[PDB]
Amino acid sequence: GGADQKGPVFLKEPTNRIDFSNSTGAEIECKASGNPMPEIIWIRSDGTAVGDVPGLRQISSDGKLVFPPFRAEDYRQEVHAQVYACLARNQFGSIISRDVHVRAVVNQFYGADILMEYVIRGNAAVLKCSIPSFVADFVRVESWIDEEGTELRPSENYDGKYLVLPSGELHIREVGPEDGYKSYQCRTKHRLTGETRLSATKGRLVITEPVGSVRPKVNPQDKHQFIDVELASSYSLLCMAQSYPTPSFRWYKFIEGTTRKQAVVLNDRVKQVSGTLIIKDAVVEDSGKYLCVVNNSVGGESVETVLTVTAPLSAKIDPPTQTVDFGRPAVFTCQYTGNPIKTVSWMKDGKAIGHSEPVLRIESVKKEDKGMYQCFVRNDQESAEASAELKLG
């Protein structure tokens, strides 16, 4: 009881993003140890404790905050769109978990449209399923369907003419006059409701048969590309260009912070289909600036792509605990991983102390300085916390 007394530490934290249908509801959980055992308190962004809301928000045993299923008219912003957090506290101090973003989605409007595409014979074609920005978080392309129905799904066989890219576009090798008679519909899936539906629009291709030579041209919006992909996932890099004769596509990666570039090596992991680079099992080193060089006899063109491979954020403090004599300095170092890293910030007993560096330093330790210390690592998506304790010697 008195032996091995510790400040609190989180065993289990909720994930950064909690997104759920009003029909599904949600449950988040928080666990922490310590001696004495800490009390768990669900808090709001302003630091105040959240209470029960009938039929909407419920605090239960085992430190679980529950959001039951609810009618559309029952939607409440103060409940269903909010950032929560877990507060663990005992006599030695307080720690706050990473931000928990709770968003309930009441089932609503969405639909996909497919832009028609004029393509020169022999060139590759790309059909895109365009999804509204406000549903794009929960809605992505599952597959494609031709006029006969035949279902086209993503795969590792790149040898076929029809290929669904990791990003969801339908890629078609070496178009020909027959392809003009085919029409395609994209099937999208809502990850919250598990619902799937076909686009009302049918993607078409108009195949042009030029005699006179046409030089490579990239539409201005395709000239620069910015792609974000999760670590270990699969992804593709488009180079959108048409020419007669059909052009060649060469992919290079710039050496960071220089104008020099090296050709991208094709292997089991990295494949190239026409102008498209297809990469499975993303790695941290893939991140960087890429260049696609397009050439035919009459002219040439280029596409610049900035790739960012995101990795989950994690944080740790060295030491997890230390005992410092009065008057002597105390230093805390926040070790973190994940990509990208925007900020690093420090906290003491649930209060931001206004220090932005991985190293927190207390010049002269006093009574008031003892307690729990945290560092938070954040980016536009994820947050991660680490905790440590300062004791007086």
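Heads up: residue numbers just count along the shown sequence, starting at 1.
Asks: Looking at the entry, does 251 to 259 or 123 to 131 show the higher mean C-alpha B-factor?
Replies: Result: 251 to 259.
Asks: Higher average CA B factor in the deposited record is what I'm after, so tell me if that's 34 to 42 or 353 to 361.
Replies: The deposited B-factors put 353 to 361 ahead on the C-alpha mean.
Asks: When you compare the CA B-factors of 235, 84, 184, 158 as listed in the entry, which one comes out on top?
Replies: Of 235, 84, 184, 158, 158 has the highest C-alpha B-factor.
Asks: From the list 212, 288, 93, 275, select the residue with the highest C-alpha B factor recorded in the entry.
Replies: Within the set 212, 288, 93, 275, 212 shows the top C-alpha B-factor.
Asks: With respect to C-alpha B-factor, does residue 166 fall in the lowest, middle or highest third of the chain as deposited?
Replies: Middle third by C-alpha B-factor.
Asks: According to the PDB entry, is the CA B factor of residue 113 in the bottom, middle or top third of its chain, that is, lowest, middle or highest?
Replies: Lowest third.
Asks: Sorting the chain's modelled residues by C-alpha B-factor, tell me whether residue 223 ends up in the lowest, middle or highest third.
Replies: Tercile = highest for this residue's CA B-factor.
Asks: Can you work out whether the C-alpha temperature factor of residue 2 puts it in the lowest, middle or highest third of the chain?
Replies: CA B-factor rank for residue 2: highest third.
Asks: Going by the CA temperature factor in the PDB record, which third of the chain does residue 65 belong to: lowest, middle or highest?
Replies: It falls in the middle third of the chain.
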